[PDB]
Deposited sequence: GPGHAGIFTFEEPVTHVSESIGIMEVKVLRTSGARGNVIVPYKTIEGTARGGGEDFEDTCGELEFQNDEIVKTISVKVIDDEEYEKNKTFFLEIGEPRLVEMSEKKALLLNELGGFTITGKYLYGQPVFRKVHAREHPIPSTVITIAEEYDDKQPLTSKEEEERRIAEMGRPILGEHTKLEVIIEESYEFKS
């Protein structure tokens, strides 16, 4: 009953102008105990280091009876263009804080950054 942890979905589209992207991690099928879920960003065709996004990583702590947490990623509205602009988040194996918590269905998330174009009326 410690929980099965998952992203909402495996692929998401966000605007280049979103500013802050808030990625959810859900705990399903049990919320007993304090658990951490490691996470990280990984570059795809989109670049980190504040080019298209700011890299981030850490451990999300779920307290007893807590079932949703948020990872906030800075998305930079890069003036430069790609046909398909992607990066990823991943969750890693959960750990009890000193049953067993595990990963569920969506453990990798592809983020597609959608580009918009400036036209004048």
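A.B. asks: Quickly check which stretches of the deposited sequence aren't in the model, judged by C-alpha, and list them in order.
C.D. replies: Several stretches lack coordinates - namely 1-3, 102-169, in sequence order.
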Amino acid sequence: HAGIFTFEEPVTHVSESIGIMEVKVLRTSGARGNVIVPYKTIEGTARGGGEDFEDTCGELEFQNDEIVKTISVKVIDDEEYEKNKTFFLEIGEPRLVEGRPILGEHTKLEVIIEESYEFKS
From here on, numbers count along this sequence of modelled residues.
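A.B. asks: Of the two stretches 47-55 and 74-82, which shows the higher Cα B-factor on average in the entry?
C.D. replies: Mean B over CA atoms: larger for 74-82.
A.B. asks: Tell me which of 60-68 and 34-42 has the higher mean C-alpha B-factor in the deposited entry.
C.D. replies: Higher mean C-alpha B-factor in the PDB entry: 60-68.
A.B. asks: Could you say which of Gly99, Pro10, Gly104, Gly19 has its CA atom at the highest B factor, as listed in the PDB entry?
C.D. replies: The C-alpha B-factor peaks, among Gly99, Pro10, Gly104, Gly19, at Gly99.
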